[PDB]
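Engineer: Quick one: experimental structure and sequence below.
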Amino acid sequence: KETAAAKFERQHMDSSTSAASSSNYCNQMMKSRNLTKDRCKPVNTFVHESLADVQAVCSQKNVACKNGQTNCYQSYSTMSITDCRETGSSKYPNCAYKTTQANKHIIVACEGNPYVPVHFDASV
Ligand SMILES: Nc1ncnc2c1ncn2[C@@H]1O[C@H](COP(=O)(O)N[C@@H](CCC(=O)O)C(=O)O)[C@@H](O)[C@H]1O
């Protein structure tokens, strides 16, 4: 099946643009990345940095993960991100999201060889 590293790129990487322009970004992105298939995925973040810059986080600030593992890393720099969060009114199969652009540090869990993000833990 899809590796954890590949799923991360699918769910969280969008190096295309440097930021969210349109208010339908999330609606569009959540559909295309297969995140509205069976249910509406309620919350998701996309990172608008290069894959190299994101993978480099795995050699930055080591921190605990939410689940208590210690293979999580905080980015030294703030990154361009978009937070997608389902509206109060959203109902499958017409999944509806609010798009919010931010610049924040990301925290990711890293694993494997090469040692790359496999989970998006938080932005801060
Ligand atoms: N440290 C951990 N290492 C590996 N898996 C973990 C860890 N911790 C939990 N999992 C479980 O494996 C999934 C893979 O991480 P996602 O990037 O897909 N999921 C984000 C939602 C996306 C967002 O927030 O933008 C999240 O739930 O934070 C987690 O949802 C959790 O069920």
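Structural biologist: Structure received. Numbers count the residues shown, from 1 in each chain.
Engineer: Could you find the closest non-adjacent residue to the residue in the chain sticking out farthest from the centre?
Structural biologist: Farthest-out residue of the chain from its mean C-alpha position, per C-alpha atoms, centre = their mean: residue 89, at 22.9 Å. Of all residues not flanking residue 89 in the chain, residue 96 sits nearest, at 6.6 Å (C-beta to C-beta, 6 or more residues apart in numbering). C-beta coordinates here come from the backbone N, C-alpha and C atoms, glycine included.
Engineer: close enough to count as contact, the one you found and residue 86?
Structural biologist: Yes - between residue 96 and residue 86 there is a contact under C-beta atoms under 8 Å: 6.7 Å.
Engineer: what do the two both touch?
Structural biologist: Both residue 96 and residue 86 are in contact with residue 40, where contact means C-beta atoms under 8 Å, 6 or more residues apart in numbering.
Engineer: These two: which is more packed in?
Structural biologist: Applying other C-beta atoms under 10 Å to residue 96 and residue 86 shows that residue 86 carries more neighbours, namely 21 against 17.
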